[PDB]
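Student: There's a structure below that I have some questions on.
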Amino acid sequence: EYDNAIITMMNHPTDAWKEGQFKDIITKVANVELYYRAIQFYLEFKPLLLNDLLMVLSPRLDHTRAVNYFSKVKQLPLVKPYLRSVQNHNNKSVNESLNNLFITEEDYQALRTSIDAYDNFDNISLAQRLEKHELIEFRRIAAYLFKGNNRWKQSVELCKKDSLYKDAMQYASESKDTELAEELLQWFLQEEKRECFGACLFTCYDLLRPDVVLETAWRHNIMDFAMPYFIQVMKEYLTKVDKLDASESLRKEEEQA
Amino acid sequence: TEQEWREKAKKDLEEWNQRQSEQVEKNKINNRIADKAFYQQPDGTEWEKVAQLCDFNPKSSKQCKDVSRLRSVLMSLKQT
């Protein structure tokens, strides 16, 4: 009667069809395309009553063709709860679908959290979209996925493009690598955003040698936000020579024995 | 009645699309005013500017080279 049930449900779209009755015999149905026929016939007549089948058709499901056909009908925003159900799997298809949901959604926060939780995608196209997505935050995440893609110097370079309002510094921080900040920071000095250049240099201070700093300070005859960095230089150097004198004393005293 | 059911499916689709477009417009104008905020900014009064244009961040993440003087400059010179 199970086959008879699916027949008498589907056979008569004119007078004999029913949405709910199908949720029980599914347990012993071997194929999966039968549930696809069910959900398709439902979309044809009652697309609002899909959520039930979605809740019930959870364990046994070929979600690939499911989301494919959902994109076909373009009821992806309607199958959205099913998407929340299955996105925990971090699959290429479900991830890209949610990413398009965020793109057309113009959402970034939840998009951020999603691309953090799930990663089954590339960075290139995502950067392309976010960089042109009208928000400094969108292109900011486009840049974030560069280190997400492990290719720096383009992200903070984009901060150099547009997000200069301390956001250039915001990614100068994460840049965390040498032999760039010298010339980048000098170019930064070309324009008079140097006003906070003490921070602009400190945000990546780890591996700076103050000699070029003194040089360029001389080149513009510039001392502000450097006089502070000069105090830095000498005080680190102060501490350095101090610990050196200490260690030396220890060594010369222990040499006797 | 397959025809009326298809009609109601199209009706639900249109009722969904109109609210989609409405919410896109809503978040769009939200991003517009947020960008205006992103467009309302410059790029003692010198300290007022080292705070206003690009303010540093005196966090607990100074593990680089034990830079302390930032403790003082925030009150001695910078933003003073």
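FYI, it's all coordinate maths here, none of it is from the lab. Please note: Cβ atoms are built from the backbone with ideal geometry, for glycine as well, and neighbour counts cover all protein chains shown.
Student: Under 27 Å from A:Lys161 (Cα atoms), of a type outside the set (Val, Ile, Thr) and surrounded by 10 or more Cβ atoms within 10 Å (Cβ to Cβ): is that true of B:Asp43 in this structure?
Tutor: Criteria met by B:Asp43.
Student: I would also like to ask the following. Tell me the residue from A:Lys166, A:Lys161 that is surrounded by fewer than 14 Cβ atoms within 10 Å (Cβ to Cβ) and either within 14 Å of chain B (Cβ to nearest Cβ) or within 28 Å of B:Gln63 (Cα to Cα) (or both), please.
Tutor: Result: A:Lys161 is the single residue among A:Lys166, A:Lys161 that is surrounded by fewer than 14 Cβ atoms within 10 Å (Cβ to Cβ) and either within 14 Å of chain B (Cβ to nearest Cβ) or within 28 Å of B:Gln63 (Cα to Cα) (or both).
Student: Something else now. Out of (1) more than 10 Å from chain B (Cβ to nearest Cβ); (2) surrounded by fewer than 11 Cβ atoms within 10 Å (Cβ to Cβ); (3) closer than 26 Å to B:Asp35 by Cβ, the odd one out for A:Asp211 is which?
Tutor: Status for A:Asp211: all satisfied but (3).
Student: Quick check on this structure: which one of A:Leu83, A:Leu78 is under 23 Å from A:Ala117 (Cα atoms), crowded, with 17+ Cβ neighbours inside 10 Å and within 14 Å of chain B (Cβ to nearest Cβ)?
Tutor: On inspection, the qualifying residue turns out to be A:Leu78.
Student: In addition: Can you tell me which residue in the range A:57-75 is surrounded by the most Cβ atoms within 10 Å (Cβ to Cβ), limited to those that are within 14 Å of chain B (Cβ to nearest Cβ) and either under 21 Å from A:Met9 (Cβ atoms) or not charged (D, E, K, R) (or both)?
Tutor: A:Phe70
Student: How many residues does the range A:185-206 contain that are under 19 Å from B:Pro58 (Cα atoms) and not basic (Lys, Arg)?
Tutor: Adding up the residues that qualify gives 12.
Student: How many residues does the range A:4-17 contain that are closer than 21 Å to A:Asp62 by Cβ and more than 14 Å from chain B (Cβ to nearest Cβ)?
Tutor: 1
Student: On the given criteria, is A:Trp187 more than 14 Å from chain B (Cβ to nearest Cβ), under 26 Å from B:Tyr39 (Cα atoms), aromatic (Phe, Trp, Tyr) and out of contact with any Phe, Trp or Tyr (no Cβ under 8 Å at 6 or more places or on another chain)?
Tutor: yes
Student: Here are the criteria: (1) closer than 30 Å to A:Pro77 by Cβ; (2) at the interface with chain A (Cβ under 10 Å from one of its Cβ atoms). Tell me which single one B:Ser72 does not satisfy.
Tutor: Every listed condition holds for B:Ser72 apart from (1).
This table checks each residue for (1) closer than 29 Å to A:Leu48 by Cβ; (2) facing chain A (nearest Cβ under 9 Å).
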site: B:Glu15; (1), (2): yes, no
site: B:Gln23; (1), (2): yes, yes
site: B:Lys28; (1), (2): yes, yes
site: B:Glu46; (1), (2): no, yes
site: B:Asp55; (1), (2): no, yes
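Student: Something else: Considering only residues of the range A:18-41 that are away from chain B (no Cβ under 14 Å) and of a type in the set (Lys, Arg), which is surrounded by the most Cβ atoms within 10 Å (Cβ to Cβ)?
Tutor: Ranking the candidates gives A:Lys23 first.
Student: Could you tell me whether the range B:61-73 includes any residue that is surrounded by 14 or more Cβ atoms within 10 Å (Cβ to Cβ) and touching a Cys at 6+ places or on another chain (Cβ under 7 Å)?
Tutor: Looking through the range B:61-73, none of the residues is surrounded by 14 or more Cβ atoms within 10 Å (Cβ to Cβ) and touching a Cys at 6+ places or on another chain (Cβ under 7 Å).
Student: Across the range A:42-56, what is the number of residues that are part of a helix (DSSP H, G or I), facing another protein chain (nearest Cβ under 10 Å) and more than 13 Å from A:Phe70 (Cα to Cα)?
Tutor: Of the residues in that region, 2 qualify.
Student: Out of the range B:1-54, which residues are over 29 Å from A:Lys193 (Cα atoms) and acidic (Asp, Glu)?
Tutor: B:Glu2, B:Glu4, B:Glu7, B:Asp12, B:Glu14, B:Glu15, B:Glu22, B:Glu25 - these are the residues of the range B:1-54 that are over 29 Å from A:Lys193 (Cα atoms) and acidic (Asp, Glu).
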